[PDB]
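Enquirer: First the structure, which I've put down as structure tokens, then a few questions once you've had a look.
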Amino acid sequence: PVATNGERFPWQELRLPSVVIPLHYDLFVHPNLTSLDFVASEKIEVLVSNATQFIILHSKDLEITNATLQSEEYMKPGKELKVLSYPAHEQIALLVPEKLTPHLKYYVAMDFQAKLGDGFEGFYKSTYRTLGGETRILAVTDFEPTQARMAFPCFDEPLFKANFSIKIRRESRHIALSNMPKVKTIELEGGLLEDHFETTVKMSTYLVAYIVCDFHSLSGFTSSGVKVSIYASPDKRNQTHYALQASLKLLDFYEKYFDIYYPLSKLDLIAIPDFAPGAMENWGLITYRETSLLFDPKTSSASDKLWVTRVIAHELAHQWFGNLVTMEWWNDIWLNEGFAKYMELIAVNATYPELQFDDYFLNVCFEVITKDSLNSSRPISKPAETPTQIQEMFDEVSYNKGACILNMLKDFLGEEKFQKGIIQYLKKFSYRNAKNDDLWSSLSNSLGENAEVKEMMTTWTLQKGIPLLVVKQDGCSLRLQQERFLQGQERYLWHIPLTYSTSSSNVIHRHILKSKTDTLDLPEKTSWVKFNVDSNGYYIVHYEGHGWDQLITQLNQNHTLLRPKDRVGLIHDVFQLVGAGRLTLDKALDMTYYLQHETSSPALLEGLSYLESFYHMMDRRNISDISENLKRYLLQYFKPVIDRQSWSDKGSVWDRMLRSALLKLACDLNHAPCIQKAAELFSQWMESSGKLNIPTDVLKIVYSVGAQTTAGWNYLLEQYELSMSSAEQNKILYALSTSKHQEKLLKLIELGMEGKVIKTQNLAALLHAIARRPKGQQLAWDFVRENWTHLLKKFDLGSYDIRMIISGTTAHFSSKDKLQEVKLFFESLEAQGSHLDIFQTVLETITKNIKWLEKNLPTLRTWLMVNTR
Ligand SMILES: *[C@@H]1O[C@H](CO)[C@@H](O[C@@H]2O[C@H](CO)[C@@H](O)[C@H](O)[C@H]2NC(C)=O)[C@H](O)[C@H]1NC(C)=O
Ligand SMILES: *[C@@H]1O[C@H](CO)[C@@H](O[C@@H]2O[C@H](CO)[C@@H](O)[C@H](O)[C@H]2NC(C)=O)[C@H](O)[C@H]1NC(C)=O
Ligand SMILES: *[C@@H]1O[C@H](CO)[C@@H](O)[C@H](O)[C@H]1NC(C)=O
Ligand SMILES: *[C@@H]1O[C@H](CO)[C@@H](O)[C@H](O)[C@H]1NC(C)=O
Ligand SMILES: N[C@@H](CCCC[NH3+])C(=O)O
Ligand SMILES: [Zn+2]
């Protein structure tokens with residue numbers, strides 16, 4: 001059946017017919033940034049394979065005002081077309097006056113027009129503030145996955161690749177950028193200019209990009225000769241120096257490591273003021289939030305440098321993983337994002353081992369594990385339909401899990417072989433698509449005894465959840481039993497590569513597992529064993545018997561005898577098993593004693609995290625007596641290291657991150673001295689009128705302290721609008737989130753709604769920040785629940801924005817009462833609401849919360865009191 005105002009639709013499927021295959025777009029956009037809209041024409045060189053009457057492609061909010069098919073053989077210029085718009089599938093069918101013929105090349109041509117978008121999607125309008133307080137406008141695209149069609153009509157599936165020839169018309173006040181380099185710029189009649197860009201290589205629609213704006217750049221060349229340029233508001237060209245250095249080191253590494261050159265003459269990276277994702281891998285023109293690309297030493301901290309390094313690396317890696325080789329469809333999106341998420345590790349560990357991103361990467365893995373230990377989780381690879389569904393596909397799973405099961409795989413196979421694995425894969429599908437199975441098939445084949453790695457990774461990508469491996473030790477035999485891990489089913493098995501160590505030799509014993517159960521014998525009775533070394537593998541281990549107690553003693557006697565990743569891992573698994581019911585809370589809490597001997601910031605920081613977390617559970621909930629004791633326990637223990645910390649920025653990355661960590665905890669716990677220090681720095685900074693320089697590492701801290709007085713918080717807010725640093729602003733915003741006055745918080749949320757002072761793009765993060773504080777957890781929940789309508793105007797569901805605006809304000813709940821209001825709110829969301837897999841997850845998570853409490857609350861109380869004594 002069909003629409004719009006009559007007639008019927010030749011196609012009842014939201015996928016496009018393979019019959020009409022596109023080979024080339026000729027695309028021309030004439031935007032106006034006063035008019036705030038664009039006119040455009042396109043020209044598509046199709047090729048039919050089966051004769052047909054109609055031609056089917058995507059379009060969304062596009063007014064089409066001319067449609068013609070032309071002929072190469074057949075019909076000279078130019079037969080007219082009958083345009084049929086079926087919005088429910090964001091499609092339009094073309095009607096021909098005569099059957100088309102197989103095996104020949106046609107030309108589809110349309111003129112179309114629209115206003116620039118309001119969103120962060122399609123061909124939208126963004127603004128920024130100048131050093132002089134001027135507000136300026138730019139026009140910009142963001143297409144992944146299904147918004148390419150909101151800009152120009154086209155065959156908008158990742159498989160229909162093509163060459164794109166893009167022409168942009170613009171006033172002289174502006175520049176035009178697009179994926180490719182710029183051939184010529186002809187001056188049109190009355191002043192207006194027109195830019196012609198190099199025809200692209202073959203590539204999917206979601207990767208087309210074009211921008212008009214008046215940014216300035218910083219250019220440089222890679223050893224292999226690409227012109228990397230950094231782009232950003234004119235008053236921000238100084239923040240773009242690091243982006244350049246890194247881009248460069250990083251593209252070099254990639255071309256070498258992948259052994260495949262970056263195809264394009266130049267690569268661009270631009271800092272977009274209003275930008276929803278963190279960044280976008282548009283071939284040859286990658287877009288970034290300012291916080292993901294800009295860096296100013298006066299204002300950007302270590303973690304900052306690390307973050308932007310990360311994302312720059314993550315995005316260059318896409319030029320290969322996704323760009324050059326694209327997953328065939330959205331179910332295997334993980335192929336792009338999981339592989340890119342991983343390569344981050346390799347390249348950054350490669351080019352910047354001083355960031356020690358290695359000791360970090362695990363966090364990626366853990367944090368997903370937290371989400372993959374619920375029934376409401378899913379497989380890395382899963383089928384996808386509605387645009388919305390697809391948007392959901394961009395999550396912690398496709399990213400982190402996919403990235404985690406890759407580093408695990410790499411461990412089993414070895415870098416040498418693994419690296420070889422990918423150079424093959426990439427080279428094989430250069431400039432084309434590839435399937436889920438394709439990856440594995442090309443990795444596992446890097447006689448005649450056969451790499452069956454397939455079967456293995458196949459159980460990983462195709463079933464929900466994560467494995468828990470319990471081990472029993474009776475002298476010299478170990479009972480390895482596997483199960484699905486859950487946080488308080490049947491029918492799951494994993495070809496799960498095991499690893500472990502023994503007290504004696506610190507040598508690594510490997511051994512694969514595929515049967516539900518198996519046993520193994522130990523060449524010498526031993527003290528303790530430790531499965532999953534360096535935590536390089538995607539599963540949990542439980543130690544029944546004295547297995548846990550042994551390892552914990554070891555930790556108190558001589559922890560160095562344990563891998564600092566094993567140490568880090570043990571801490572993870574211990575605390576996770578408490579939730580898993582397998583353990584009692586005192587055992588974990590007890591491990592956390594040896595921490596006064598721990599110097600590995602990774603482990604030390606993890607440890608504290610769990611401690612610091614319970615404090616925040618206790619605090620939200622009114623639960624005074626425990627939060628107050630846990631506060632006292634933290635200030636008391638750990639006081640040595642806490643007292644050692646400097647209000648400077650000296651030391652390695654981990655060193656500075658640990659400082660920020662500690663000094664924060666201290667001040668967040670009202671530690672008399674520390675907060676005096678901060679309050680002083682702030683009062684100097686304010687009364688000196690910005691002049692004083694607060695070290696970037698205590699910056700967020702000082703600001704948030706100073707934020708408690710009405711004087712400060714008002715100066716911080718005004719200072720916010722005036723800041724030329726996204727990073728500072730970021731930290732200021734947080735600092736404004738630490739106020740105790742409801743109205744003050746409410747203000748922020750409104751200012752973020754308005755989107756003038758506080759960019760809408762910050763609304764979720766902001767909400768989330770408030771929701772965490774005791775004071776704001778209600779304010780926040782009221783607001784979302786009360787404004788779901790207007791919010792849904794601002795953002796798509798399910799954008800990461802909506803997805804996070806939902807969980808951010810509710811996932812932290814842990815009472816019966818609230819679990820209802822949420823449960824009931826999600827029922828309510830059921831019109832345009834229903835349905836997001838986040839609805840589920842959030843509930844399951846709130847429940848888990850409630851449980852942990854009743855199950856382990858009292859146990860926490862005593863443990864603390866046992867210390868007081
Ligand atoms: C968008 O339209 C604006 C109209 O505001 C154009 O600017 C006008 O252009 C004509 C011819 O160039 C001039 O006579 C007017 O004086 C301009 N108005 C202003 C405020 O200067 C502009 O050319 C268009 N932009 C593009 C590149 O299409
Ligand atoms: C469209 O894109 C392709 C590349 O994606 C252009 O070139 C071919 O590129 C492949 C892969 O690098 C080379 O092996 C071929 O030698 C290239 N072919 C030719 C004839 O140059 C191709 O030229 C572009 N075609 C269009 C429609 O412009
Ligand atoms: C990181 O890089 C170093 C070389 O700088 C290498 O020795 C190490 O194995 C790498 N780590 C991993 C696990 O990729
Ligand atoms: C662990 O502790 C012992 C006893 O304090 C200490 O002598 C030693 O440095 C540690 N073991 C080694 C040599 O790593
Ligand atoms: N491709 C993006 C994700 C954006 C998804 C929404 N535009 C990335 O590398 O993170
Ligand atoms: Zn990505």
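Every residue number used here counts from 1 along the chain in the order it is shown.
Structure method, as recorded: X-ray crystallography, 3.1 Å.
Each residue, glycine too, has its Cβ placed from N, Cα and C.
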Enquirer: With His314, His318 listed by Swiss-Prot as Zn(2+)-binding, which of these, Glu328, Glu337, is given for the same site?
Expert: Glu337
Enquirer: Of the residues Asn50, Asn349, which is given the N-linked glycosylation site tag by Swiss-Prot?
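Expert: Matching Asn50, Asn349 against Swiss-Prot annotations yields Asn349.
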Enquirer: Where does the N-linked glycosylation site label fall among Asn238, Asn375, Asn558, going by Swiss-Prot?
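Expert: Going through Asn238, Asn375, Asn558 one by one, Swiss-Prot flags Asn558 as N-linked glycosylation site.
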Enquirer: Over a break of 3 residues, report the distance between the Cα atoms of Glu73 and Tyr74 in whole Å.
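Expert: Cα separation at the break: 5 Å.
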Enquirer: What's the CA-CA gap between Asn66 (N-linked glycosylation site) and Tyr399 (site 'Transition state stabilizer') in angstrom, rounded?
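Expert: With the alpha carbons as reference points, the distance is 42 Å.
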Enquirer: The deposited coordinates stop at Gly488 and pick up again at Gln489, leaving 11 residues out. What Cα-Cα distance does that leave, in Å?
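Expert: The separation between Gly488 and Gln489 at their Cα atoms is 11 Å.
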Enquirer: Under a three-state reduction of DSSP output, how is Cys674 (disulfide bond) classified: helix, strand, or coil?
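Expert: Assignment for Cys674 (disulfide bond) reads helix.
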Enquirer: Using a 10 Å radius around its CB, how many other CB atoms surround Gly278 (substrate binding site)?
Expert: 18
Enquirer: Let me spell it out: for each of the recorded positions (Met280, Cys365, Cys404, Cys667, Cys674), count the other Cβ atoms within 10 Å of that residue's Cβ, using every protein chain shown. Which one has the most?
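Expert: Sorting the candidates by Cβ neighbours within 10 Å, the top entry is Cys404.
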Enquirer: Quick check on the recorded positions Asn32, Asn163, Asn282, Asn558: which one has the highest count of other Cβ atoms within 10 Å of its Cβ?
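Expert: Selected residue: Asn282.
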Enquirer: Filtering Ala279, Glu281, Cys365, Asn558 (recorded positions) by proximity to ligand 4: which pass a Cβ cutoff of under 6 Å to any of its atoms?
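Expert: From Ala279, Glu281, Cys365, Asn558, counting a Cβ under 6 Å from ligand 4 as near, the near ones are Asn558.
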Enquirer: Here are the recorded positions: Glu144, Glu315. Which has the lowest count of other Cβ atoms within 10 Å?
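Expert: Across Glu144, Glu315, these recorded positions, the one with fewest Cβ atoms within 10 Å is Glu144.
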